[PDB]
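Have a look at work37.txt below; it lists compact mmCIF, C-alpha atoms and all ligand atoms.
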# COMPACT_ATOMS: atom_id res chain seq x y z
CA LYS A 1 24.41 -18.01 0.49
CA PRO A 2 22.96 -19.97 -2.43
CA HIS A 3 20.24 -18.95 -4.92
CA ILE A 4 18.00 -21.80 -3.90
CA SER A 5 14.32 -22.20 -4.55
CA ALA A 6 12.27 -20.15 -2.11
CA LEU A 7 10.03 -23.20 -1.78
CA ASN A 8 13.04 -24.87 -0.22
CA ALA A 9 13.85 -22.04 2.04
CA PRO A 10 13.42 -21.13 5.72
CA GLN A 11 9.99 -19.55 6.18
CA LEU A 12 10.07 -15.74 6.33
CA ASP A 13 6.94 -15.36 8.51
CA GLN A 14 8.36 -17.83 11.06
CA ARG A 15 11.59 -15.82 11.33
CA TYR A 16 9.54 -12.77 12.34
CA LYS A 17 6.57 -14.37 14.13
CA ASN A 18 7.17 -12.78 17.54
CA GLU A 19 8.01 -9.39 16.00
CA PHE A 20 5.27 -8.75 13.39
CA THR A 21 3.31 -10.61 10.66
CA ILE A 22 4.78 -10.78 7.18
CA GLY A 23 2.33 -10.09 4.34
CA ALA A 24 2.05 -10.00 0.59
CA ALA A 25 -0.19 -8.18 -1.87
CA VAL A 26 -1.97 -10.40 -4.38
CA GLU A 27 -4.25 -10.59 -7.39
CA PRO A 28 -6.82 -13.41 -7.58
CA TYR A 29 -5.15 -15.08 -10.58
CA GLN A 30 -2.10 -15.67 -8.41
CA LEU A 31 -4.27 -17.94 -6.30
CA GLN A 32 -4.56 -20.19 -9.35
CA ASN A 33 -0.80 -20.36 -9.86
CA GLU A 34 1.03 -23.30 -8.17
CA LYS A 35 4.21 -21.36 -7.41
CA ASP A 36 2.44 -18.27 -6.01
CA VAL A 37 0.15 -20.38 -3.82
CA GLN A 38 3.14 -22.33 -2.47
CA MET A 39 4.92 -19.03 -1.80
CA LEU A 40 1.98 -17.66 0.13
CA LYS A 41 1.62 -20.82 2.16
CA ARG A 42 5.27 -21.07 2.95
CA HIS A 43 6.42 -17.52 3.68
CA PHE A 44 3.45 -15.29 4.52
CA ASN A 45 0.88 -15.03 7.28
CA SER A 46 -0.95 -11.85 6.16
CA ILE A 47 -2.47 -10.90 2.81
CA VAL A 48 -3.85 -7.80 1.06
CA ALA A 49 -5.51 -7.28 -2.33
CA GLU A 50 -3.33 -5.36 -4.73
CA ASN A 51 -6.38 -4.09 -6.59
CA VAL A 52 -9.68 -6.00 -6.24
CA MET A 53 -10.78 -4.27 -3.01
CA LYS A 54 -10.29 -0.66 -4.29
CA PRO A 55 -13.53 1.42 -4.57
CA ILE A 56 -13.85 1.08 -8.34
CA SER A 57 -13.32 -2.69 -8.11
CA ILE A 58 -16.04 -3.05 -5.49
CA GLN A 59 -18.77 -0.56 -6.52
CA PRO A 60 -18.05 0.60 -10.11
CA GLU A 61 -21.67 1.76 -10.53
CA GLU A 62 -23.90 2.83 -7.63
CA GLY A 63 -25.63 -0.23 -6.24
CA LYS A 64 -23.53 -2.71 -8.24
CA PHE A 65 -21.25 -4.51 -5.80
CA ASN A 66 -18.65 -6.95 -7.07
CA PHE A 67 -17.30 -8.99 -4.14
CA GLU A 68 -16.45 -12.09 -6.20
CA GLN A 69 -12.78 -11.35 -6.58
CA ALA A 70 -12.34 -9.97 -3.05
CA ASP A 71 -14.10 -13.09 -1.69
CA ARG A 72 -11.52 -15.30 -3.36
CA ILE A 73 -8.73 -13.65 -1.41
CA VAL A 74 -10.68 -13.80 1.88
CA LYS A 75 -11.41 -17.51 1.33
CA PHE A 76 -7.73 -18.32 0.68
CA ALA A 77 -6.61 -16.29 3.71
CA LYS A 78 -9.03 -18.07 6.06
CA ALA A 79 -8.11 -21.47 4.72
CA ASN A 80 -4.43 -20.76 5.37
CA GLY A 81 -4.72 -18.94 8.69
CA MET A 82 -3.65 -15.57 7.29
CA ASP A 83 -4.55 -12.10 8.57
CA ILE A 84 -6.22 -9.86 5.98
CA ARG A 85 -5.78 -6.15 5.37
CA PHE A 86 -8.46 -4.22 3.40
CA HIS A 87 -7.02 -1.92 0.65
CA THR A 88 -8.96 0.49 0.66
CA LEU A 89 -12.27 2.13 1.56
CA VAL A 90 -11.53 5.68 0.27
CA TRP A 91 -8.91 6.99 -2.24
CA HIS A 92 -8.68 9.78 -4.84
CA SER A 93 -7.13 7.37 -7.30
CA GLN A 94 -9.60 6.03 -9.84
CA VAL A 95 -12.73 7.02 -8.01
CA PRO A 96 -15.85 5.65 -9.59
CA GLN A 97 -16.94 8.92 -11.04
CA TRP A 98 -20.59 8.43 -10.13
CA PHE A 99 -19.65 9.34 -6.55
CA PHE A 100 -19.09 12.93 -7.50
CA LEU A 101 -22.06 13.70 -9.79
CA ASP A 102 -24.97 15.73 -8.47
CA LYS A 103 -28.56 14.71 -8.91
CA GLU A 104 -28.60 16.30 -12.33
CA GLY A 105 -25.58 14.31 -13.41
CA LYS A 106 -23.19 17.27 -13.30
CA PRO A 107 -19.85 17.34 -11.45
CA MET A 108 -20.43 18.48 -7.87
CA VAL A 109 -17.08 20.26 -7.96
CA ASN A 110 -18.49 22.84 -10.36
CA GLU A 111 -21.50 23.78 -8.21
CA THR A 112 -21.33 27.39 -7.04
CA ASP A 113 -24.52 27.79 -5.12
CA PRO A 114 -23.73 27.44 -1.50
CA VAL A 115 -26.99 25.78 -0.56
CA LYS A 116 -26.60 23.27 -3.36
CA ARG A 117 -22.95 22.72 -2.44
CA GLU A 118 -24.04 21.84 1.08
CA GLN A 119 -26.62 19.43 -0.38
CA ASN A 120 -23.90 17.80 -2.52
CA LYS A 121 -21.70 17.39 0.53
CA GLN A 122 -24.43 15.52 2.38
CA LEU A 123 -25.21 13.38 -0.69
CA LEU A 124 -21.56 12.46 -1.09
CA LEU A 125 -21.12 11.64 2.60
CA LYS A 126 -24.18 9.46 2.43
CA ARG A 127 -22.82 7.60 -0.60
CA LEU A 128 -19.56 7.18 1.25
CA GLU A 129 -21.27 5.80 4.31
CA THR A 130 -23.24 3.30 2.21
CA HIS A 131 -20.11 2.12 0.37
CA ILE A 132 -18.27 1.49 3.66
CA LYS A 133 -21.37 0.03 5.38
CA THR A 134 -21.91 -2.59 2.65
CA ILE A 135 -18.23 -3.69 2.62
CA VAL A 136 -17.73 -3.74 6.40
CA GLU A 137 -21.05 -5.54 7.03
CA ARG A 138 -19.80 -8.28 4.69
CA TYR A 139 -16.21 -8.69 5.97
CA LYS A 140 -16.17 -7.49 9.61
CA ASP A 141 -15.71 -11.01 10.96
CA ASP A 142 -12.96 -11.92 8.47
CA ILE A 143 -10.76 -8.82 8.00
CA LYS A 144 -8.88 -7.44 10.98
CA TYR A 145 -7.00 -4.49 9.44
CA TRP A 146 -8.55 -1.71 7.35
CA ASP A 147 -7.02 1.08 5.22
CA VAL A 148 -10.04 3.31 5.83
CA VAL A 149 -8.56 6.30 4.00
CA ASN A 150 -5.60 6.36 1.59
CA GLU A 151 -3.32 9.28 0.57
CA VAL A 152 -5.51 12.00 2.08
CA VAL A 153 -2.57 14.27 2.86
CA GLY A 154 -0.76 16.04 -0.02
CA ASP A 155 3.00 16.08 -0.62
CA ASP A 156 2.78 19.84 -0.03
CA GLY A 157 1.64 19.28 3.57
CA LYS A 158 -1.89 20.43 2.83
CA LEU A 159 -4.87 18.10 2.74
CA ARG A 160 -5.03 16.52 -0.74
CA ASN A 161 -7.46 18.62 -2.77
CA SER A 162 -9.23 15.67 -4.36
CA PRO A 163 -12.97 15.89 -5.18
CA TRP A 164 -13.57 14.22 -1.79
CA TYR A 165 -12.05 17.24 -0.08
CA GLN A 166 -13.36 19.82 -2.53
CA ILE A 167 -16.94 18.66 -2.16
CA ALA A 168 -17.04 17.65 1.51
CA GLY A 169 -14.08 19.15 3.34
CA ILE A 170 -12.30 17.33 6.18
CA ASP A 171 -15.58 15.66 7.11
CA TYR A 172 -15.16 12.87 4.53
CA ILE A 173 -12.22 11.53 6.55
CA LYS A 174 -14.17 11.70 9.83
CA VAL A 175 -17.25 10.05 8.27
CA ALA A 176 -15.13 7.24 6.75
CA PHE A 177 -13.65 6.26 10.11
CA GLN A 178 -16.91 6.69 12.02
CA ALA A 179 -18.80 4.48 9.53
CA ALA A 180 -16.13 1.75 9.59
CA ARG A 181 -16.37 1.63 13.42
CA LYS A 182 -20.14 1.80 13.47
CA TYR A 183 -20.67 -1.18 11.12
CA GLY A 184 -17.59 -3.29 12.02
CA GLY A 185 -17.42 -2.83 15.82
CA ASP A 186 -14.51 -2.41 18.17
CA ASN A 187 -12.59 -5.39 17.00
CA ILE A 188 -11.57 -4.22 13.54
CA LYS A 189 -8.52 -2.01 13.41
CA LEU A 190 -8.68 1.26 11.41
CA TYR A 191 -5.72 2.83 9.59
CA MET A 192 -4.84 6.00 7.67
CA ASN A 193 -2.44 4.77 4.94
CA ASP A 194 -0.01 6.99 3.03
CA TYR A 195 3.33 7.14 1.19
CA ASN A 196 6.32 9.34 2.02
CA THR A 197 5.18 9.37 5.62
CA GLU A 198 8.81 10.14 6.62
CA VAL A 199 9.06 13.27 4.45
CA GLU A 200 8.39 16.85 5.56
CA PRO A 201 6.13 18.71 5.39
CA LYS A 202 3.84 15.69 4.74
CA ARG A 203 4.93 13.94 7.95
CA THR A 204 3.99 16.72 10.29
CA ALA A 205 0.78 17.39 8.42
CA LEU A 206 -0.17 13.71 8.88
CA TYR A 207 0.82 13.89 12.50
CA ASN A 208 -1.27 17.04 13.11
CA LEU A 209 -4.24 15.54 11.27
CA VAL A 210 -4.43 12.32 13.22
CA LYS A 211 -3.80 14.16 16.51
CA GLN A 212 -6.75 16.39 15.75
CA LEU A 213 -9.07 13.53 14.73
CA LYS A 214 -8.24 11.60 17.87
CA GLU A 215 -8.85 14.58 20.09
CA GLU A 216 -12.27 14.80 18.48
CA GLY A 217 -13.11 11.15 19.11
CA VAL A 218 -12.69 9.97 15.48
CA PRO A 219 -11.77 6.20 15.75
CA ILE A 220 -8.28 5.73 14.34
CA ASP A 221 -6.10 2.85 15.47
CA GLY A 222 -2.98 3.12 13.33
CA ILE A 223 -0.94 4.55 10.49
CA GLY A 224 -0.08 2.60 7.36
CA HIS A 225 3.38 3.47 5.98
CA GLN A 226 3.31 2.39 2.32
CA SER A 227 7.10 2.39 2.27
CA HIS A 228 7.59 2.67 -1.50
CA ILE A 229 11.29 3.30 -0.91
CA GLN A 230 14.70 3.27 -2.55
CA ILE A 231 18.08 1.73 -1.71
CA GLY A 232 19.30 4.99 -0.13
CA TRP A 233 16.16 7.08 0.66
CA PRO A 234 14.58 7.55 3.09
CA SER A 235 17.25 7.07 5.75
CA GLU A 236 16.73 4.56 8.54
CA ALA A 237 17.12 7.45 10.97
CA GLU A 238 14.15 9.21 9.44
CA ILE A 239 12.05 6.02 9.29
CA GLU A 240 12.78 5.54 13.00
CA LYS A 241 11.76 9.11 13.86
CA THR A 242 8.51 8.68 11.95
CA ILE A 243 7.46 5.42 13.52
CA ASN A 244 8.29 6.70 16.97
CA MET A 245 6.30 9.85 16.64
CA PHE A 246 3.12 8.10 15.53
CA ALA A 247 3.61 5.48 18.25
CA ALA A 248 3.81 8.26 20.79
CA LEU A 249 0.27 9.31 19.81
CA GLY A 250 -0.88 5.82 20.76
CA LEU A 251 -1.11 4.55 17.17
CA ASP A 252 -0.13 1.13 15.80
CA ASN A 253 2.19 1.25 12.75
CA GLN A 254 2.02 -1.14 9.79
CA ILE A 255 4.48 -1.20 6.92
CA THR A 256 1.81 -1.77 4.30
CA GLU A 257 3.23 -1.78 0.71
CA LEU A 258 6.99 -2.29 1.08
CA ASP A 259 9.12 -2.43 -2.02
CA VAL A 260 12.79 -1.45 -2.37
CA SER A 261 13.24 -0.10 -5.90
CA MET A 262 16.57 -0.47 -7.70
CA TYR A 263 16.14 3.08 -9.01
CA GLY A 264 15.83 6.74 -8.07
CA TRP A 265 12.91 9.04 -8.85
CA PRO A 266 11.89 9.46 -11.61
CA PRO A 267 13.34 6.04 -12.39
CA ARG A 268 15.81 5.32 -15.14
CA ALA A 269 15.31 1.56 -15.42
CA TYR A 270 17.08 -1.30 -17.09
CA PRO A 271 14.97 -2.79 -19.92
CA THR A 272 15.11 -6.30 -18.48
CA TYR A 273 15.82 -8.17 -15.25
CA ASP A 274 18.92 -9.75 -16.76
CA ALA A 275 20.48 -6.30 -17.42
CA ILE A 276 20.40 -5.22 -13.74
CA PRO A 277 24.01 -5.48 -12.45
CA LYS A 278 24.82 -7.92 -9.70
CA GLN A 279 26.11 -5.16 -7.46
CA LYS A 280 22.62 -3.64 -7.30
CA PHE A 281 21.35 -6.78 -5.58
CA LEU A 282 24.13 -6.53 -3.03
CA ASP A 283 23.34 -2.90 -2.40
CA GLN A 284 19.66 -3.80 -2.03
CA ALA A 285 20.57 -6.60 0.38
CA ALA A 286 22.49 -4.19 2.62
CA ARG A 287 19.51 -1.88 2.63
CA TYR A 288 17.12 -4.68 3.55
CA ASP A 289 19.53 -5.79 6.29
CA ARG A 290 19.42 -2.35 7.89
CA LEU A 291 15.70 -1.86 7.35
CA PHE A 292 14.61 -5.08 8.98
CA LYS A 293 17.08 -4.62 11.86
CA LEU A 294 15.27 -1.32 12.43
CA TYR A 295 11.79 -2.88 12.14
CA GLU A 296 12.85 -5.46 14.76
CA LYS A 297 14.21 -2.73 16.97
CA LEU A 298 10.76 -1.09 16.81
CA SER A 299 8.75 -4.32 16.81
CA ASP A 300 6.74 -3.25 19.86
CA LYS A 301 5.37 -0.45 17.65
CA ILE A 302 4.87 -2.45 14.40
CA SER A 303 2.21 -5.20 14.03
CA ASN A 304 2.76 -6.03 10.35
CA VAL A 305 5.23 -5.71 7.48
CA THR A 306 3.61 -6.35 4.09
CA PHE A 307 5.46 -6.45 0.76
CA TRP A 308 3.59 -5.06 -2.23
CA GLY A 309 3.92 -8.35 -4.11
CA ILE A 310 5.28 -11.91 -3.85
CA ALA A 311 8.30 -12.21 -6.14
CA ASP A 312 10.11 -10.08 -8.68
CA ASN A 313 8.26 -11.46 -11.73
CA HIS A 314 5.27 -9.27 -10.73
CA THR A 315 5.52 -5.74 -9.31
CA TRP A 316 3.60 -2.51 -9.95
CA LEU A 317 7.00 -0.80 -9.95
CA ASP A 318 7.40 -2.02 -13.55
CA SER A 319 4.74 0.60 -14.45
CA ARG A 320 7.22 3.25 -13.29
CA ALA A 321 10.27 1.59 -14.87
CA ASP A 322 10.88 4.07 -17.65
CA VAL A 323 13.75 3.06 -20.01
CA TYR A 324 15.86 5.92 -21.41
CA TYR A 325 17.78 5.50 -24.67
CA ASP A 326 20.53 7.65 -26.17
CA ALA A 327 20.92 8.62 -29.80
CA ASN A 328 22.60 5.37 -30.58
CA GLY A 329 20.01 3.19 -28.98
CA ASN A 330 21.92 2.41 -25.81
CA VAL A 331 20.12 2.32 -22.46
CA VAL A 332 20.84 5.29 -20.12
CA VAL A 333 20.55 4.74 -16.35
CA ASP A 334 22.51 7.82 -15.09
CA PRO A 335 20.01 10.49 -14.11
CA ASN A 336 22.12 13.32 -15.48
CA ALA A 337 23.26 11.80 -18.74
CA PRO A 338 22.12 12.64 -22.27
CA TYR A 339 19.29 10.75 -23.87
CA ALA A 340 17.03 11.01 -26.89
CA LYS A 341 13.92 9.00 -26.11
CA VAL A 342 12.16 7.27 -23.22
CA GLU A 343 9.95 4.12 -23.20
CA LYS A 344 7.70 4.72 -20.28
CA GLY A 345 6.84 1.80 -18.10
CA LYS A 346 8.66 -0.72 -20.31
CA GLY A 347 11.59 -1.62 -18.03
CA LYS A 348 12.09 -3.97 -15.06
CA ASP A 349 12.45 -3.27 -11.32
CA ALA A 350 13.46 -5.94 -8.74
CA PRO A 351 12.11 -4.91 -5.37
CA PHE A 352 11.59 -8.07 -3.27
CA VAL A 353 13.64 -10.74 -1.49
CA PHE A 354 12.42 -13.42 -4.00
CA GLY A 355 13.57 -13.35 -7.63
CA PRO A 356 11.41 -13.79 -10.74
CA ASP A 357 12.33 -17.48 -10.89
CA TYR A 358 11.10 -17.86 -7.26
CA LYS A 359 14.68 -18.33 -6.01
CA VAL A 360 15.97 -16.40 -2.98
CA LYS A 361 17.98 -13.21 -3.53
CA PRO A 362 20.87 -11.81 -1.44
CA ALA A 363 18.27 -9.64 0.27
CA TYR A 364 16.50 -12.79 1.50
CA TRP A 365 19.60 -14.05 3.28
CA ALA A 366 20.09 -10.55 4.73
CA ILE A 367 16.76 -10.60 6.56
CA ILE A 368 16.42 -14.32 7.35
CA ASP A 369 19.61 -14.31 9.47
CA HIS A 370 20.09 -12.96 12.98
CA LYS A 371 22.89 -10.50 12.26
CL CL A 401 0.95 -4.63 -10.56
CL CL A 402 17.30 -14.67 -11.13
ZN ZN A 403 3.32 -19.56 8.01
ZN ZN A 404 15.24 -11.84 -19.61
ZN ZN A 405 16.13 -13.50 -16.32
ZN ZN A 406 5.03 -6.17 16.79
ZN ZN A 407 -0.10 -6.37 -9.90
ZN ZN A 408 17.63 -16.88 -10.66
ZN ZN A 409 20.30 -9.26 8.82
Translate the structure of the given file into C-alpha cells.
Ligand SMILES: [Cl-]
Ligand SMILES: [Cl-]
Ligand SMILES: [Zn+2]
Ligand SMILES: [Zn+2]
Ligand SMILES: [Zn+2]
Ligand SMILES: [Zn+2]
Ligand SMILES: [Zn+2]
Ligand SMILES: [Zn+2]
Ligand SMILES: [Zn+2]
Amino acid sequence: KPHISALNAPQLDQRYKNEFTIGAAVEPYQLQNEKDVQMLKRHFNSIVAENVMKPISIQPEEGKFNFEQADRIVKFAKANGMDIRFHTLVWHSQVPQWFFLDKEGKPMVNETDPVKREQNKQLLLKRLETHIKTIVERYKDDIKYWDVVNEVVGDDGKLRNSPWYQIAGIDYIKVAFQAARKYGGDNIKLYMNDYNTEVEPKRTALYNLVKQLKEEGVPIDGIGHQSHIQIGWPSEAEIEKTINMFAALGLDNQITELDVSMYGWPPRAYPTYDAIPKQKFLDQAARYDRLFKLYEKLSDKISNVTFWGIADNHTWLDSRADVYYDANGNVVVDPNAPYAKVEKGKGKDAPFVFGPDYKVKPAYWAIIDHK
C-alpha cells in the first residue's frame, strides 16, 4: 500500500463515522499551517487543545483569563463541523501556584491549624468553582465533551496526593463535577480522564472512585482513557476488560490522547526519524490493526477516539525520547545494554498513522481497511 500524501487519501473520520468520531490534539499555530489545516479538514471530526485550555493557560493569575488561544480552536472547530473536547478543568500538572496560597501568601499545604486548614479548603474550593464557572459559562454552547478532572488517581491505587487533595480532600473532585454541571447544564458531557487506566491497582481504584461518586449523585458521564501506549503493552485483552467494566457502570468511554510509541518505558529512542528501522513501522501497523479492530468491536461503548497529535512531525512523545549513547558514541536502543551518557528528550518517536512528511504510514492502511 503506497506512501501517498495523506491529503490524497481516504478520509479517516469517514471510515469510522458510524463507530466513533476521530479527533486530533492541536496547538493554535497549526491552524495557520496549510498542511495541518488540510489534515484536520480531511481526516478529523473532533478536536482538542494540546495545551491552551489547561488551567495555567487559561487563568495564570487569579482574575486574568486568557481565552484568545482557546477561542481560535473553538472557532476553527465550529467552522469545520468538528466536536470539541475541553482539556482540562483540573490537573496537578503545572497548577498556577496562586491557587494554593493562603490569604497571607503562604502555601496552604504547610498550614497546621485545623481551623485554618478548613478555611483554606473552602477558599480553594471557591477558587476552583470560579475557574470552572468562568470557562463553562463561556463555552457551554460550543464544547460537548469535558475532561473535568485529570489524573486524580495515583499509579499506586491511592488518590493522587497533589495539593488539590492535600488541601481539600476528595471534595475537590466532587466540586469540580458539580460546578461543571451547574454552569453548563445537562447537555455537556463530563469525563474523568487518566492514563494507565488498564493497569492495576490504578484501574480498580478508578473504578471504585467513580462508582462511589455516582452513588452520591456526583454528575459523571464518562471515562477518558489517555491511551499513551506501546506496541506490545497494554494487551488488547486488558484494554477490552477495562472498557467493558466502565461501560457496565453506565459510563461512556473516550480514547482521549492515543499515541503508539515505538519504544518501551523509560524510552531508549533513535536520535532521528530516519534512524527508526522499517520493521518498527510494520510492528506498529499490526498493533494499530488489532487496536482499532477492538475499538470497533466495542464501538457501542466508545463515542470518540482522539490521537494526541496530527502527524509524526509533532508529538509530545519527543519530550520523552531519551537517546542513549555508548562509550564510542553509538546510539543504544536495547534497554539492557551498556551506555555512557543519555541526551534526554532529544530523540524522535513516531506514534501516528501519518508520517512527518504528511504521507500515510503502514499503520494508516491497517486501520483504513475492513480486515
Ligand atoms: Cl508537544
Ligand atoms: Cl517518511
Ligand atoms: Zn470529515
Ligand atoms: Zn532526518
Ligand atoms: Zn526523514
Ligand atoms: Zn460509538
Ligand atoms: Zn505539541
Ligand atoms: Zn515519507
Ligand atoms: Zn485493519
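Distances from A:23, A:351, A:309, A:184 to residue 284 (chain A) were compared using only C-alpha atoms, and the smallest one belongs to A:351.
Closest approach to residue 110 (chain A) among A:279, A:242, A:97, A:166 is made by A:166 (distances from only C-alpha atoms).
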Counting all atoms listed in the file, which residues have an atom no more than 8 Å from (17.4, -2.9, -18.4) in the file's coordinates? Please list them as a PyMOL selection string. chain A and resi 269-276+323+331+347-348
List every protein, DNA or RNA residue that has at least one atom no more than 10 Å from (-22.8, 21.1, -7.1) in the file's coordinates, counting all atoms listed in the file, and write the result as a tab-separated table (two decimals) with C-alpha atoms, in the coordinates of the input.
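The new file part.tsv reads:
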chain	number	residue	atom	x	y	z
A	100	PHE	CA	-19.09	12.93	-7.50
A	101	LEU	CA	-22.06	13.70	-9.79
A	102	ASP	CA	-24.97	15.73	-8.47
A	103	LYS	CA	-28.56	14.71	-8.91
A	104	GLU	CA	-28.60	16.30	-12.33
A	105	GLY	CA	-25.58	14.31	-13.41
A	106	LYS	CA	-23.19	17.27	-13.30
A	107	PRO	CA	-19.85	17.34	-11.45
A	108	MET	CA	-20.43	18.48	-7.87
A	109	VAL	CA	-17.08	20.26	-7.96
A	110	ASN	CA	-18.49	22.84	-10.36
A	111	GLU	CA	-21.50	23.78	-8.21
A	112	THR	CA	-21.33	27.39	-7.04
A	113	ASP	CA	-24.52	27.79	-5.12
A	114	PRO	CA	-23.73	27.44	-1.50
A	115	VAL	CA	-26.99	25.78	-0.56
A	116	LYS	CA	-26.60	23.27	-3.36
A	117	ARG	CA	-22.95	22.72	-2.44
A	118	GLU	CA	-24.04	21.84	1.08
A	119	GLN	CA	-26.62	19.43	-0.38
A	120	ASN	CA	-23.90	17.80	-2.52
A	121	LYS	CA	-21.70	17.39	0.53
A	167	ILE	CA	-16.94	18.66	-2.16
Test item: residues no farther than 7 Å from ligand ZN 403 (chain A), counting all atoms listed in the file, as a CSV table (one decimal) with C-alpha atoms, in the frame of the given file:
chain,number,residue,atom,x,y,z
A,11,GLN,CA,10.0,-19.6,6.2
A,13,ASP,CA,6.9,-15.4,8.5
A,14,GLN,CA,8.4,-17.8,11.1
A,41,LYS,CA,1.6,-20.8,2.2
A,42,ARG,CA,5.3,-21.1,3.0
A,43,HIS,CA,6.4,-17.5,3.7
A,44,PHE,CA,3.4,-15.3,4.5
A,45,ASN,CA,0.9,-15.0,7.3
Close residues to ligand ZN 406 (chain A) using all atoms listed in the file, limit 6 Å, as a ChimeraX atom specification: /A:19-20,299-303
Wanna dump the chain A-ligand ZN 407 (chain A) contacts at 12 Å for me, each residue with its shortest atom pair and the distance in Å to one decimal, counting only C-alpha atoms and all ligand atoms, ordered by chain and number, as a Markdown table?
| residue | atom | partner | partner_atom | distance |
| --- | --- | --- | --- | --- |
| A:24 | CA | A:ZN407 | ZN | 11.3 |
| A:25 | CA | A:ZN407 | ZN | 8.2 |
| A:26 | CA | A:ZN407 | ZN | 7.1 |
| A:27 | CA | A:ZN407 | ZN | 6.4 |
| A:28 | CA | A:ZN407 | ZN | 10.0 |
| A:29 | CA | A:ZN407 | ZN | 10.1 |
| A:30 | CA | A:ZN407 | ZN | 9.6 |
| A:48 | CA | A:ZN407 | ZN | 11.7 |
| A:49 | CA | A:ZN407 | ZN | 9.3 |
| A:50 | CA | A:ZN407 | ZN | 6.2 |
| A:51 | CA | A:ZN407 | ZN | 7.5 |
| A:52 | CA | A:ZN407 | ZN | 10.3 |
| A:308 | CA | A:ZN407 | ZN | 8.6 |
| A:309 | CA | A:ZN407 | ZN | 7.3 |
| A:310 | CA | A:ZN407 | ZN | 9.8 |
| A:311 | CA | A:ZN407 | ZN | 10.9 |
| A:312 | CA | A:ZN407 | ZN | 10.9 |
| A:313 | CA | A:ZN407 | ZN | 10.0 |
| A:314 | CA | A:ZN407 | ZN | 6.2 |
| A:315 | CA | A:ZN407 | ZN | 5.7 |
| A:316 | CA | A:ZN407 | ZN | 5.3 |
| A:317 | CA | A:ZN407 | ZN | 9.0 |
| A:318 | CA | A:ZN407 | ZN | 9.4 |
| A:319 | CA | A:ZN407 | ZN | 9.6 |
Residue selection dump (C-alpha atoms) as a PDB file, in the frame of the given file:
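Resulting contents of selection.pdb:
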ATOM      1  CA  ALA A  24       2.050 -10.000   0.590  1.00  0.00           C
ATOM      2  CA  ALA A  25      -0.190  -8.180  -1.870  1.00  0.00           C
ATOM      3  CA  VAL A  26      -1.970 -10.400  -4.380  1.00  0.00           C
ATOM      4  CA  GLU A  27      -4.250 -10.590  -7.390  1.00  0.00           C
ATOM      5  CA  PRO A  28      -6.820 -13.410  -7.580  1.00  0.00           C
ATOM      6  CA  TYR A  29      -5.150 -15.080 -10.580  1.00  0.00           C
ATOM      7  CA  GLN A  30      -2.100 -15.670  -8.410  1.00  0.00           C
ATOM      8  CA  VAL A  48      -3.850  -7.800   1.060  1.00  0.00           C
ATOM      9  CA  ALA A  49      -5.510  -7.280  -2.330  1.00  0.00           C
ATOM     10  CA  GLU A  50      -3.330  -5.360  -4.730  1.00  0.00           C
ATOM     11  CA  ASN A  51      -6.380  -4.090  -6.590  1.00  0.00           C
ATOM     12  CA  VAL A  52      -9.680  -6.000  -6.240  1.00  0.00           C
ATOM     13  CA  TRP A 308       3.590  -5.060  -2.230  1.00  0.00           C
ATOM     14  CA  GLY A 309       3.920  -8.350  -4.110  1.00  0.00           C
ATOM     15  CA  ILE A 310       5.280 -11.910  -3.850  1.00  0.00           C
ATOM     16  CA  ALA A 311       8.300 -12.210  -6.140  1.00  0.00           C
ATOM     17  CA  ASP A 312      10.110 -10.080  -8.680  1.00  0.00           C
ATOM     18  CA  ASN A 313       8.260 -11.460 -11.730  1.00  0.00           C
ATOM     19  CA  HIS A 314       5.270  -9.270 -10.730  1.00  0.00           C
ATOM     20  CA  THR A 315       5.520  -5.740  -9.310  1.00  0.00           C
ATOM     21  CA  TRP A 316       3.600  -2.510  -9.950  1.00  0.00           C
ATOM     22  CA  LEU A 317       7.000  -0.800  -9.950  1.00  0.00           C
ATOM     23  CA  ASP A 318       7.400  -2.020 -13.550  1.00  0.00           C
ATOM     24  CA  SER A 319       4.740   0.600 -14.450  1.00  0.00           C
TER      25      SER A 319
END
Please, which residues have at least one atom within 12 Å of an atom of ligand CL 402 (chain A), using all atoms listed in the file, listed as a compact mmCIF listing (two decimals) with C-alpha atoms, in the coordinates of the input?
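So the final result, stored in pocket.txt, reads:
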# COMPACT_ATOMS: atom_id res chain seq x y z
CA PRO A 2 22.96 -19.97 -2.43
CA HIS A 3 20.24 -18.95 -4.92
CA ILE A 4 18.00 -21.80 -3.90
CA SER A 5 14.32 -22.20 -4.55
CA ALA A 6 12.27 -20.15 -2.11
CA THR A 272 15.11 -6.30 -18.48
CA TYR A 273 15.82 -8.17 -15.25
CA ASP A 274 18.92 -9.75 -16.76
CA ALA A 275 20.48 -6.30 -17.42
CA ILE A 276 20.40 -5.22 -13.74
CA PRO A 277 24.01 -5.48 -12.45
CA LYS A 278 24.82 -7.92 -9.70
CA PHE A 281 21.35 -6.78 -5.58
CA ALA A 311 8.30 -12.21 -6.14
CA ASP A 312 10.11 -10.08 -8.68
CA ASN A 313 8.26 -11.46 -11.73
CA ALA A 350 13.46 -5.94 -8.74
CA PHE A 352 11.59 -8.07 -3.27
CA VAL A 353 13.64 -10.74 -1.49
CA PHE A 354 12.42 -13.42 -4.00
CA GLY A 355 13.57 -13.35 -7.63
CA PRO A 356 11.41 -13.79 -10.74
CA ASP A 357 12.33 -17.48 -10.89
CA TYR A 358 11.10 -17.86 -7.26
CA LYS A 359 14.68 -18.33 -6.01
CA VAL A 360 15.97 -16.40 -2.98
CA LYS A 361 17.98 -13.21 -3.53
CA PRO A 362 20.87 -11.81 -1.44
Got a sec: who's within 9 Å of residue 145 (chain A), counting only C-alpha atoms, leaving out chain neighbours fewer than 2 positions off, as a short mmCIF file (atom, residue, chain, number, x, y, z; two decimals) with C-alpha atoms, keeping the file's coordinate frame?
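Written file, result_1.cif:
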data_model
loop_
_atom_site.label_atom_id
_atom_site.label_comp_id
_atom_site.auth_asym_id
_atom_site.auth_seq_id
_atom_site.Cartn_x
_atom_site.Cartn_y
_atom_site.Cartn_z
CA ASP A 83 -4.55 -12.10 8.57
CA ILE A 84 -6.22 -9.86 5.98
CA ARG A 85 -5.78 -6.15 5.37
CA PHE A 86 -8.46 -4.22 3.40
CA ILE A 143 -10.76 -8.82 8.00
CA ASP A 147 -7.02 1.08 5.22
CA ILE A 188 -11.57 -4.22 13.54
CA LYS A 189 -8.52 -2.01 13.41
CA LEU A 190 -8.68 1.26 11.41
CA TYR A 191 -5.72 2.83 9.59
#
